[PDB]
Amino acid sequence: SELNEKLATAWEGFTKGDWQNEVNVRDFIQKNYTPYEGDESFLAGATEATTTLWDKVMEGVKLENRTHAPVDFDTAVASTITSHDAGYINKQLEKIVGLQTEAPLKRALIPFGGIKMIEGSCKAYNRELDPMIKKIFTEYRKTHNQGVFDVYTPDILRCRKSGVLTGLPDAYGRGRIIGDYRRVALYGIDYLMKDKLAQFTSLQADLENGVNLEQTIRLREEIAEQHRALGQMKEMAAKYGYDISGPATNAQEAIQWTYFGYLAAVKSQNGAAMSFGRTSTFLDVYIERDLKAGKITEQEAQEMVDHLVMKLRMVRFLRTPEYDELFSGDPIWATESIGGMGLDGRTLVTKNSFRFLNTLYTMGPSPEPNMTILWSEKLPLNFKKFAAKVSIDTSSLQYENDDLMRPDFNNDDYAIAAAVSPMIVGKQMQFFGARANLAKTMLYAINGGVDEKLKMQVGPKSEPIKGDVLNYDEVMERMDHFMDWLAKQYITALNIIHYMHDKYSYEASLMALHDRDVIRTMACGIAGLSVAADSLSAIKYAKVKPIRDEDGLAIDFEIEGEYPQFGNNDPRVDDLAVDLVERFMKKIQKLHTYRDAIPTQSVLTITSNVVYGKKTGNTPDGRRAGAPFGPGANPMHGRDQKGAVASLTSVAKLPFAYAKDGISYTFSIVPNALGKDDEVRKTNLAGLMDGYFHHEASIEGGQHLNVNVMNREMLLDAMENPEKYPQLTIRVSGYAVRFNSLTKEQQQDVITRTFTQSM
């Protein structure tokens, strides 16, 4: 009889299902959500409390952007789930509470990942690290950072320094984990703890029988840590005057409970991406019930959502300047997956879908949360148009192919982690791997493993390519070999990293909100795809002559004739890009991985396009030394000149089947290119996306799309006059940032990118 007296009271009115007898958030959603096909006319505006709160927080935000530094941060407190006291912006006004530290925007110290990065941050921002904290995390509690560097090979160190394998998660939280925070709201902590205890007990037999001994012992300890973490969540919430031992009884509690689950996560881990999940529709179930019972008004519903979202706009992590160049714009990737279609055919779009998007209006444009629209051609036209409208007005949204991912998973409850990495909520995670420099790998092939800037042997010692003119078949053959080498060094580095991360910074509070067994993938990223593809194209269709120095190192290239560049829908070059994605995937696929994580690939870079570009010399495609690579899977800056449909088609050709961790594309189009008025623009934008995401048995389609609707002139004005654009937000690589949050160099990359002038 799985139904307590309190569970029945909290679930009064809800439709029965397996979800009442076991942890199954998906079933609860399926049996209870109300599909919405109407428009945005019901949306309410911001309340005075909301505006007062947000305006106060924006003062800290302006300070952050102006100083390019934290407003404040801990120097003597080691952060945990229960370390800090309750903190508020204004307790009398907040409907949803919870801050990482005791003060708005004050960043914490998460030492378990490594003390050296904290020291770097302290010195960079002019603050003194407490000596006791330093001592503890250098002599008593070994950290992730130290575990990794103790096992690294000198080959990996060389790759890190030369810029072929740089920025891997050896100096920051790996992230890429989304605990199902909805579970706290649905079941309450006590129920989840009892479920974890059962999971723990289910491993006893194997333990005693010596079946997979070490793996069993590891999992039991992890589950024990998870159980303990759940208890700490209650203590954390209690500091705020809340008792979350039982299930949420109303809308407010559902939102608060879910957020508390996430709060424990961001108080204990500092993953590069700390995503929210697929929660908007789930929360709609509680909002609908309260509206129907007349307990809450529509404006009050918006306020609750605004306060939740406002908190997500306040997540912060103490990062080093080095991290800042790899992941620019003070990002969090508090990703929310909105809408999508169910497996049964109905849309997963709800009124809450609109409420979340509406936060861009009630509180203005914002980079976080990273609101992602799960697009499908079958979505209600009303929602398609409104999403497009929000993009045109704010450039704060990203779109990802639900018509491609839903069938691939055969699940309608997956969420987007970080930028473009899909996972079934509570049943899957990824071992983050950042990205590798594919372009530099090509130069190594031509230069016999000798780095073109450092002039030292990095890759395998081999003969450099001879001849005054480059030959496609030879170059591709040598590149294929060096890709084997890159694959081995990359997987080896990640194997070490994740072994140490599980050991020294196991994400207990997040894993506590997952099933007993979690599917894991080893996500390998590729940077500079278009630089490599175009370089090969130039070599194949034009006449590329290497300019070598006294030692025979190719330090420049002279190109005779023009050649097809990626992004112009010319198969001659696009097939090469497709080929590269396929090649690397087949290589990492054959290698052994830690905890048997299934290797996956992503054409994603984040700000590595700038960092690797800065460390890569002249390339065969004509790109000059030090120049930024294209963001993610984008064509090189300004090379896609045949309009929107053409560039979208090239990117869509890229095989998601060989890049399951995602394919990022940052698309920027001028207002007039979409139409003369908003109605035409909305219709056209939605149309562009329907074509890009069009999925058929013979046509895979695009996976992701960042959408910026702006004029380059506007950004130029923002560069000169910051104070005039406090909340100006733009998509840059698989997330958004406030334009004023970037450095001058980072902004330089953004303004020199392709601004689509026509369709």
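Sequential numbering from 1, following the sequence displayed.
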{"item": "254 to 262 set against 544 to 552, stretch whose average Cα temperature factor tops the other in the entry", "value": "544 to 552"}
{"item": "Stretch with the greater mean C-alpha B-factor as recorded in the entry, comparing 308 to 316 against 386 to 394", "value": "386 to 394"}
{"item": "Identity of residue with top Cα B-factor, from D170, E221, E139, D408", "value": "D408"}
{"item": "Most elevated Cα B-factor in the entry, residues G617, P331, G120, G687", "value": "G687"}
{"item": "Chain-wide C-alpha B factor ranking for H498, given as lowest, middle or highest third", "value": "lowest"}
{"item": "For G525, the third of its chain into which the C-alpha B factor falls", "value": "lowest"}
{"item": "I588, C-alpha B-factor rank within chain (lowest, middle or highest third)", "value": "middle"}
{"item": "B-factor third for the C-alpha atom of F112 within its chain", "value": "lowest"}
{"item": "Position of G45 among the chain's modelled residues by C-alpha B-factor, lowest, middle or highest third", "value": "highest"}
